[PDB]
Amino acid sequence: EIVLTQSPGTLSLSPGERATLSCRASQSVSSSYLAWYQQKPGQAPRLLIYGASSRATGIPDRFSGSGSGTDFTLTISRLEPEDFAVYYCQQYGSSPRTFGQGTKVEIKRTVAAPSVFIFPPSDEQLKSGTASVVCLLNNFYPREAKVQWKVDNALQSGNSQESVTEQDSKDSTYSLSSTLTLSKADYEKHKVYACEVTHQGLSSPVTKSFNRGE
């Protein structure tokens, strides 16, 4: 079986940079029988290159493929912000046909701090016995961010979950939600609800807070 090893596993570069993706085969791949696919998040793969170097119809010219034998290369001459994706190679010189494990390309941009928003639980949810408080960190870069919850200045642990968006295709930022889940009874025993955000685009951590009932 021809095993295809892709490298690097992850690659982060800014628009306009050249990106070079490698696919190395455990054995020779006959006749340049190697294809490359792009898979953007949530979408089907699309064919980029076949026969190692032939650009598929409709594919932008910045994508090109080269190589032979045991080493194949997908190049993006000048990255564009919509190029974040996982890129897969696939060989058809031998049976079984096999895919590489993929290279994830992430798009770098200049540092952007989050705007922070906080949403109390709705009266409709409180009627049913649970209370969700949501902290939104909107449109920031890089991805890494710390969110801490305080209830009457008491640090919370174990009762929050975070979710992060895929990169924005236009401006390359992320957004993040942190949801604090409390029983109704617990929510009503306390007054001040606060989300504290640490991010490298901020000079100092930012706290966003509200008082229950206001």
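Start at 1 and count along the sequence shown; that's the residue number.
Taking the PDB entry as given, 120-128 carries the higher mean Cα B factor of the two stretches 99-107 and 120-128.
Of the two segments, 151-159 and 174-182, the one listed with the higher mean B-factor is 151-159 (C-alpha atoms only). The entry lists C-alpha B-factors for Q167, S54, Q27, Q39, and the highest of these is at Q27. The top Cα temperature factor in the record, among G93, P81, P114, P142, falls on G93. Per the deposited record, the Cα B-factor of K189 falls in the highest third when ranked against the other modelled residues of its chain. Annotation for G67: C-alpha temperature factor in the highest third relative to the rest of the modelled chain, per the entry.
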